[PDB]
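Starting off, we have a lone chain in the form deposited in one PDB entry, written out as structure tokens.
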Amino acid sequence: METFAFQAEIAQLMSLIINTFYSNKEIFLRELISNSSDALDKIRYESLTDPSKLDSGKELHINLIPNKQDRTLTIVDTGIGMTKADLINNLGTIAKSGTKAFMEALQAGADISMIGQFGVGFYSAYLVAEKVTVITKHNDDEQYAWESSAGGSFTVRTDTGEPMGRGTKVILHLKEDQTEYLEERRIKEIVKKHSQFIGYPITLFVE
């Protein structure tokens, strides 16, 4: 396990998302499904030039998996996935410019719900999660686990868990007062409201 320090801008945004009072927390699911959708679009488009890019799996889908016992909501997609370079370096650059733009837009009067327009919608996960684990597999790299409970650091390690083939699994370790996001009726309500037109099958698993 390797430990990394978040740069100042993202660290400040993560603290804002965790601290600030905001009742409309359900938007996290739309943002994570949007990232999954974007990742799926990416592998699909690349497969048009190189069909062997789907040898790691032809299915293009999104699964929502609540687990009341573990107090986790897991989002699984078979998108392009992220390499080690993406997790540590590339997305760190994106986190900085996206945070700066978002903070500038907020200061003018923009709302937290507009986060995805700045490319940092992933961070809305901290509205409901005390810890986020990202297990990802890109065709050009090994399976990795990125994780952060905020507090200024994140970890990256090669993942030894169940092989994913290709894609990303985001495990949301929910805050104690955010268990409504494990209820079938609640998840169904959110997907219908914000993600009804996503171009991939969204399967809501039940327990």
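Basically, rigid core = biggest C-alpha set you can superpose within 1.5 Å across the two forms. Residues that one form lacks are left out of the comparison. Just count from 1 along the sequence shown to find any residue number.
Asker: Which wins on mean Cα temperature factor, 143-151 or 158-166?
Answerer: Stretch with the greater average CA B-factor: 158-166.
Asker: Per the PDB record, is the mean Cα temperature factor higher over 17-25 or over 185-193?
Answerer: Looking at the record's C-alpha B-factors, the answer is 17-25.
Asker: Looking at the C-alpha B-factor values in the deposited entry, which of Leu174, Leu60, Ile33, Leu48 comes out highest?
Answerer: Comparing C-alpha B-factors across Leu174, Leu60, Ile33, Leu48, the maximum falls on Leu48.
Asker: Would you mind checking which of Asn89, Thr133, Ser113, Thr99 has the top Cα temperature factor in the PDB entry?
Answerer: The C-alpha B-factor peaks, among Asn89, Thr133, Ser113, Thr99, at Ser113.
Asker: Lowest, middle or highest third: which one holds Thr78 when the chain's residues are ordered by CA B-factor from the entry?
Answerer: As the PDB entry reports it, the C-alpha B-factor of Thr78 lands in the lowest third of its chain.
Asker: Pull the Cα B-factor of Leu54 out of the PDB entry and bin it into the chain's lowest, middle or highest third.
Answerer: For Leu54, whose C-alpha B-factor we compare with every modelled residue in the chain, the answer is the highest third.
Asker: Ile202: which third of its chain by C-alpha temperature factor?
Answerer: Lowest third of the chain for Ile202's C-alpha B-factor.
Asker: Which third, lowest, middle or highest, does the CA B-factor of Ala85 fall in along this chain?
Answerer: For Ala85, whose C-alpha B-factor we compare with every modelled residue in the chain, the answer is the middle third.
Asker: Could you say whether, by C-alpha temperature factor, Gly119 belongs to the lowest, middle or highest third of its chain?
Answerer: It falls in the middle third of the chain.
We do not show the form deposited in another entry, though everything after this point is about it.
Asker: Shifts of 2 Å or more at the CA atom, core superposed, between this form and the one not shown: which of the listed residues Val128, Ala95, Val132, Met82 is the one?
Answerer: Result of the comparison: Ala95.
Asker: Note whether the distance between the C-alpha atoms of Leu32 and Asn90 decreases (closer) or increases (farther) in that other deposited form, against the displayed form; the change is 3 Å or more.
Answerer: Note: Cα gap between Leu32 and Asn90 shrinks in that other deposited form.
Asker: Given a CA distance change of at least 3 Å, are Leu13 and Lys96 closer or farther in that other deposited form?
Answerer: Compared with the shown chain, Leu13-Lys96 is farther in that other deposited form.
Asker: At 2 Å or more of Cα shift, core superposed, where are the runs of at least three residues that differ between this form and the one not shown?
Answerer: Run moving 2 Å or more: only 89-98.
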